[PDB]
Amino acid sequence: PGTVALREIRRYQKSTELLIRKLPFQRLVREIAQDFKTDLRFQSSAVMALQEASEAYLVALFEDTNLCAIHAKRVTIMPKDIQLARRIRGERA
Amino acid sequence: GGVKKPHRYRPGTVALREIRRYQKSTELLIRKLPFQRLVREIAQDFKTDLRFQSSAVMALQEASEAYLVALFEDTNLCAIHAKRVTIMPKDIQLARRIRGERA
Amino acid sequence: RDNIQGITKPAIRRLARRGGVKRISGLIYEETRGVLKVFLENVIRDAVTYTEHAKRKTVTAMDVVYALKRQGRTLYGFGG
Amino acid sequence: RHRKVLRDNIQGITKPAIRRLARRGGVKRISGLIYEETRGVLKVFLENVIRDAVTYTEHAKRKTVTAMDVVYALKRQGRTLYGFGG
Amino acid sequence: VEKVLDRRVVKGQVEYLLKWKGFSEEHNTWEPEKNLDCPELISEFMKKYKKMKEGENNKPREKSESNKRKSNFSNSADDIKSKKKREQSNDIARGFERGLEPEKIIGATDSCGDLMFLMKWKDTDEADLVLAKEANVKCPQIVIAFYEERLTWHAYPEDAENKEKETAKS
Amino acid sequence: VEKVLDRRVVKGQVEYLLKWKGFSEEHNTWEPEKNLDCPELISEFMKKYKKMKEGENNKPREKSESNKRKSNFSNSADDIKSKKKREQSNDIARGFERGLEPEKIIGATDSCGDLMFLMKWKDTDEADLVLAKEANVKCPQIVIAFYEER
Amino acid sequence: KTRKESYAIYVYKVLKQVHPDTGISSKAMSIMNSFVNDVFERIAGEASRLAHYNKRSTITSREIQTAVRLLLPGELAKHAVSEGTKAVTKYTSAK
Amino acid sequence: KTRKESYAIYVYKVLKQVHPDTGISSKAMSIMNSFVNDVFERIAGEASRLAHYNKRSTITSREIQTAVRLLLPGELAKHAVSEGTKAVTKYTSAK
Amino acid sequence: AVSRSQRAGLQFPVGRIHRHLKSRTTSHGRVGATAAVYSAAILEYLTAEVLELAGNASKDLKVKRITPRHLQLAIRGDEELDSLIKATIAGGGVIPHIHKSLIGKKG
Amino acid sequence: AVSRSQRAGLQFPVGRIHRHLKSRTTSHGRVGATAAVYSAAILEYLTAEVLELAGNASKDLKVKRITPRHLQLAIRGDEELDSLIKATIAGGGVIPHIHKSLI
DNA sequence: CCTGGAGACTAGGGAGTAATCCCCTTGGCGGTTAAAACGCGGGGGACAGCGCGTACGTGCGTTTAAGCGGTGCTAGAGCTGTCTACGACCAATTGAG
DNA sequence: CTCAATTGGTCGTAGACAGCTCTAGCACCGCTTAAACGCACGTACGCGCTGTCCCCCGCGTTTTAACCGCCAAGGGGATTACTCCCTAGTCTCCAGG
C-alpha cells in the first residue's frame, strides 16, 4: 500500500505542529543536568527554543539518510547509513 | 603475471599495489607548470593585469591536497553501501549535499 | 516509567515523514535515542558553563542562542 | 613583459594525475566521465579563492598576491593552511 | 644563582634550589620567588627538565636494582585529580584493615587514564578509593579480582562498520 | 607476491609469508630471509608495521578471555607441530620455545578485564603475557616494583 | 604588538625540548609556530567576545577558564584545571 | 533600566511605508530582529580583523565595501554597491 | 529639527551603528559619519529583500496576517540566500520535496 | 627585572602574551595580569602534548632530520586531537584504512 | 645594529555581593477524551545468487614538453618623512523608542 | 516620563601615495631521460531477472499517562548605590626582537 502514507507527508509538510513533548522531555534533560552540578534551575522559554532547533535538526538528519537511498535504489532507511553520513559533517559517532 | 611473460597482469594487482605504494613516500602529485596556466585564465576575468609570487602556487598545491583526498574518501566510503566497487560520477553531487554544498 | 522512555515510537514516525521518508525500520526507534543523547549532552555541558560564567544559577533562553552559535546549529530566537 | 595570453587551458589538464590523486584515499577503480566531472567542480572550488585573493590584495593597496592573503582567503572556507604566518 | 637542580611543590609553591656561586652542596637553601632578577634562568631551567622525563626507553630496568623510577617528587604536586576525588589529598585511607569481600562492580566517570575505581563494601555503603601501592603487596588477589567489568568498552566505531557492510554487499 | 600478511620471529629468525596469487591464505608456505630477493617489499612493510602498532593504543579491543594458551605444554619435541592461527601473534616466541630470562614488565591498560601483564624478554622486540600466580613465586621483586612506577 | 613576525628568537631557541637524537629542520618550524599562534588568536578573540554577552569588561582569571571548557570537550576539560591552578597559586599577592 | 537596544519598530517603520495594509504579529518580529543582529556581528568582525594586520585604526569606506564582496558573491553584490554609492553621492552634495 | 537620517535618506539610525562599531573595533577606533551610512544601507537592503520576497507568496493564500512560514520559503526557495544563510528558521519546517519513489511496487 | 615571569615558572614567556591582548580593549576595558598567565599555560600544555608525541614516534630510525610526514601521526592518529584541530594539515598523506571488502 | 615595555607612580572608573522590586518555577491533586502499547492479515522491502552486457585494467608505441635553473630586463614589496584632512571628546538643543 | 541622537568646537597625531634601495617577478629557449595519452583485446563485477527469510503497513482495541485548568510557598531574575585596593597614563632606564 502507498495511498494512506501519501497524504500523511503533505499533511505534515504544510503544518508545523508541536510534535515534541513538554513534560516528559524536560525530565530527560534534568536527569543529565543533575549529574553535572546539583541545585539548578530552568525556565519555560529555553525548552521551547531547544525544541524549535531540535525539530529542524531531526529533519536535517533524516534528509541526509533519505538521500542516500535514491542512488542505491532503495526506499527503506537503514541505521548503518546514519553512521556513514555523520562522518562527512564532523560529528561521526 | 610476470615481467618477461607475454600475457599481461590481471585487473586487481596493480590497482591494489598503487594504494600501498603511496603510503611510504611523501611526494606532490599535482604538477606546477600545467597547473599554473589554469589560474591565470580565471584571474584575468573582469579585472586588470595582476602578478603572482612563488608562494601562492605552493600554498594552493598544499590546499588542494587536503581537499581532493577528502572529497574522494567520502565517495569511496559511500560506494560500498551501494553493493558496488567502482565510483560513479553522479555520486559527487549526492555526497556534496550531505556536507552542505549545493548540487 | 523512567525518564529515558520519553520518545515514543509514533513520535519519530510523525517527524520522519516531513523530510520524505517512505518506510521506517524497527531499529530506528532504538537507534535515534543514542544519537539524541549525544546531541543533547553537548548543549547540557555548555548551558551549565554559560550559567557559571555569569555567576548565576538559572539557565535562561538568551544563553542558548549564544551556545548554539559555536556548535554550528545557529537558530534565530530570543536575541542572538 | 607581464603575462602571457593563454587561451583554451582546459585541454592541457593532466589525466594520470587525477587517477593518481585518488589512489591515496582508497579508491579502487574509476569511471571514464570522472575526468570530465572533476573539472566542472574544480573551477567552482577555485573561484571562491580567486575572487577573494584579488579583493584581499586590493584592500591592502597592493596588486600582487603575496604569502599573506592566501591564508585569509583559506580561513573563510575552513582550510587555514599551516606554515604561512600565523 | 647558578644552576637549579631540585624542584618540588610545597603547599602549591614550586620551590627553586638556587646554587650559590662559591659554596658547597650542604649550604644550599630554599629561596622562594619574591626578590630575583633572572628572566633567562627560568626559561633555561625547564629546557633540560623535559628531556629527563622522556629519556626512559620503555622503562629501563636491570637485574642489579639501582633503577628507581618516579613521576614526580611530590606525586603530581598537591592538586591531584586522579585516583581519589574532591581534590585535596588522602583524607580517608582505611578499608584494608578489615578484609572483606566486594559486593559488585559498577561504573564510574571515564577519563584519559587512571580512572576513579570505586570499591563497594558489605552491609554499609562506605565508598573508599585506593591509591597507594602498599595495599597491592599484602593482598594482591583482591586487587586482581576487583578489575572485572568496570568500564564497558566494545571496539572502535571504524572497525565495526567494515564487518557490517559485508552482510549486505553480496 | 603482493603484500606481507603473516610475519613471525621464531628462533631469532624473521620469516615472511609468500602471498601467492590465485589462492588463499592456507596455500602460503615459508621461506628463509637468505632465499628471498625483494628489497621493495621490506621497507614498505617496515614503515607500515610501526604505523599499525602506534595507533593501537588507548584501551584497545578485547581478545579471547579465559585462555592460558601455553602454561606447561608437554614434552618430546614441543616445536614443529602444525599451525596456530592467521594473525601476527599466536605462533610467536613466548619464552618457552627459546628459554630466555625476563627483563622488565611493560604495558599499562585499564579496560574490561584483568591487568595487562606484558612480560618482555631480553634481546626481544616482542612481548607476551604471563600468569599472575607464577609471577610472585619466581621473581616477586619485579611485580612489586612494577606497581610503584607512577 | 601588531607585527607579523613577532616571534623569531624564541622559535629558534627550541632545540632541547625534544629528543637529543634528532633535530628540527627548516620546514617543520613554521608548521609548529603557527599552530600555537592560531590557538592564541582564537583564545584572544573568544575572551574579547564572551564578556559582552555576560555584561563584563575586565578580563580576570575567571574569564579564561570558560574558554578552555567551551573549546575543549568534557573528556579533556578536567586535565587543564590542575595546570591552570599551579600558575595561579604560584603568583603571590593575588589570593 | 539600562537594557540593550533592540530593533523592534525599525522594521515596522519601513514596512508601513511600502505596504500600509499589512499587519505583523508579536512572534514573527523577534525572528527578523535577531537575523540583523546576527548578520551585523559578522560584518563588524570582518571589518575589525582587517585593521590589525594592516596597521590601521580608522575605518574608511573601503572596509564596508570589502565585507559585502567577501560575504555576498558576484551574483548579488553588484547592485548593493550601486545602491550604496547614491547615499554617499547625495550626502556630500548638499544638505 | 534636522538629523543625519533625513540628510542621507535612510530609515536606519546612524548613531546606533556608530556606537555599535566602537565595541568590536580594537583599541580606540575613529568611526565617523562616513562609515555608518554605508554599513546601515546594506543591512536595510538585506532586511527589505526578505520582506519583498515573502510578500509575493502571502497574497496567494488569501491572508493578510504575516505568517512565519512565508519567511522560510523566501529564504530556502531562492538559490542566492540559501547558500549564504546557513541557519535554520525556527517554526517553519522545510520545502516540500516531490519524488517518484513514494508509491507502491518500487517506481 | 621582575615583570611576571619571575613570579610564575612557565616555559613560554609571560611578557610576550599580554603584548597582543592590549589592542583588544573593546570600549572601556581592562586587561588582567593573571589572564595572560592562565592563557600561556594552556598553550604550553598543547605544545608539549605534540612535542612528546613527535619524540615518541621516532625511536627506531634515529634520524637527525624531522620529516613532515612523521608529524602527522599525532594529529591524525588521535581522535581527540583530530576533532579539536579543525584546520587542514599542510601536506599530503592519510591513514591507510585497509578494509576487508577491498581485498 | 634595533626601538618598547620595565619600574615608580597614584588617576580612572570596575568587581564583590548588601538592598529589595512586585510575579516565575516546581511539588502537588484532580481528571477530559488525546493518541499511548501490543502484535492481527497478507502488501511487496531486503538479501542470497545465476548468467554474461558494457567499456575498465594494464603494457607498448611515439612523441614534444616536464624539471632545474640557465641568464638578465626594468616591473615589483617595504621603508622613509614630507603634507594633509577625518572626526577623538566636549557641552547641551529639543524629540525617537 | 527617560537619557538616546545630534550639531559643529579645535589643532590631536591618523593617513594618501611621491621617491629610493637592490628582490626574485617570469621572457628566451639552454639540457636530461621518463611522463602524456593513443585505443590492443583480457576476463573485473554493471544493476536487469526473480529465488524465498520471517520484515512491518493499515488503522482494530481500550492500557498507560499525552497535557488540560488554575494551588499559592518563597526560588533567585537583573538590576541600582557604596567606597575596595584593581593596574591605565606615560617619564626616560639600559633589556631584547
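Residues numbered from 1 in each chain as written, not as in the entry; some residues may be left out. Chains lettered and ligands numbered in written order. Heavy atoms only, no water.

This entry lists cryo-EM as its structure determination method and reports a resolution of 6.3 Å.

Caption draft 1: Broad picture of the sheet that holds strand 3 (residues 30-31) of chain F. Residues and elements named next belong to chain F. The three strands are arranged 1-2-3 in an open sheet whose pairing can be described as antiparallel. Both edges of this open sheet fall to strand 1 (7-10) and strand 3, since each of them pairs with a single strand only. Sheet topology note: the strand 2 (residues 13-17)/strand 3 ladder contains two bridges and is antiparallel. Across the sheet, residue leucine 17 finds its bridge partner in strand 3, namely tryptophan 30. (Pairing = 2+ DSSP bridges. Helix = DSSP H or I, 4+ residues; strand = E, 2+ residues; numbered from the N terminus.)

Caption draft 2: Region of interest: empty space enclosed by the protein. A volume near 560 Å³ is recorded for the largest cavity. In this structure, the largest cavity is lined by 28 residues; those nearest its centre are G:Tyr10, G:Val11, G:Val14, J:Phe12 and J:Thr47. Mapped onto the lining of the largest cavity, the elements with two or more residues apiece are helix 1 (39-53) of chain E, helix 1 (9-12) and helix 2 (29-47) of chain G together with helix 2 (33-56) of chain J. In this structure, the second largest cavity encloses a volume near 310 Å³. Lining the second largest cavity are 19 residues, with B:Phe35, D:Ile13, D:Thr14, D:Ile18 and D:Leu42 positioned closest to its centre. Elements with a minimum of two residues in the lining of the second largest cavity: helix 2 (33-43) and helix 3 (56-81) of chain B together with helix 1 (15-21) and helix 2 (34-59) of chain D. (1 Å grid on protein atoms, 1.4 Å probe; cavity = no way out; pocket = protein on both sides within 12 Å on 5 of 7 lines; lining within 4 Å. Points joined across faces, edges and corners; volume = space filled by probe spheres on them.)

Caption draft 3: Local environment of the domain arrangement of chain E. When the domains of chain E are assigned, the result is domain 1 (9-53) and domain 2 (88-170). The gap between the C-alpha centroids of domain 1 of chain E and domain 2 of chain E is 40 Å. (Domains from an automatic or database assignment.)

Caption draft 4: Up close: the interface of chain J and chain G. Every contact between the two is made by 43 residues of chain J and, on the other side, 47 residues of chain G. At the boundary of chain J with chain G, total buried surface from both sides reaches about 4,700 Å², with 65% on carbon and sulfur atoms. The three residues of chain J that bury the most area against chain G are J:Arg7, J:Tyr38 and J:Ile66, which together make up 17% of that side's buried surface. For the pair chain J and chain G, the number of links is zero salt bridges. In this assembly, chain J and chain G are joined by 14 residue pairs in polar contact. (Contact = heavy atoms within 4.5 Å. Buried area = accessible area lost by both parts, 1.4 Å probe. Salt bridge = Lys/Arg side-chain N within 4 Å of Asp/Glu carboxyl O. Polar contact = N/O pair within 3.5 Å; in protein donor to acceptor, adjacent residues only side chain to side chain.)

Caption draft 5: Inspection of the packing of helix 2 (residues 28-49) of chain H against helix 2 (residues 15-24) of chain I at higher detail. Relative to each other, helix 2 of chain H and helix 2 of chain I sit at 55 degrees, their axes nearing to 9 Å. Taken together, the axes of helix 2 of chain H and helix 2 of chain I are oblique relative to one another. Handedness of the helix 2 of chain H/helix 2 of chain I crossing: right-handed. On helix 2 of chain I, the residues touching H:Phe40, H:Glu41, H:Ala44 and H:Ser48 of helix 2 of chain H are I:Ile17, I:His20, I:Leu21 and I:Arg24. The residue inventory of the contact of helix 2 of chain H with helix 2 of chain I, partitioned by class, reads four nonpolar, two polar and two charged. (Axes fitted to C-alpha atoms, helices over the stretch in contact; angles between N-to-C directions. Parallel < 35°, antiparallel > 145°, perpendicular 65-115°, else oblique. Left-handed = near helix turned anticlockwise from the far one by under 90°. Nonpolar A, V, L, I, M, F, W, Y, C, P; charged D, E, K, R; others polar.)

Caption draft 6: Geometry of the packing of helix 3 of chain B against helix 4 (residues 91-99) of chain B. All names here are of chain B. Relative orientation of the contacting elements helix 3 and helix 4 amounts to 105 degrees, with a least axis distance of 10 Å. One way to sum up the angle between helix 3 and helix 4 is to call them roughly perpendicular. Contacts from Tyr67, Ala70, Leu71, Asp74 and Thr75 of helix 3 reach helix 4 at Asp91, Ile92, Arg96 and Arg99. Looking at the contact of helix 3 with helix 4, its residues break down into four nonpolar, one polar and four charged.

Caption draft 7: Region of the structure containing the sheet that holds strand 5 (residues 118-121) of chain F. All names here are of chain F. Within the open sheet, the three strands sit side by side as 4-5-6. Their pairing is antiparallel. Strand pairing shows two members of the sheet lacking a second neighbour, strand 4 (102-106) and strand 6 (127-129), which therefore form its edges. Adjacent strand axes in the sheet meet at a mean angle of 35 degrees, parallel and antiparallel pairs treated alike. In the sheet, strand 4 pairs with strand 5 via four bridges, with the strands oriented antiparallel. Bridging across to strand 5, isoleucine 106 finds its partner in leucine 118.

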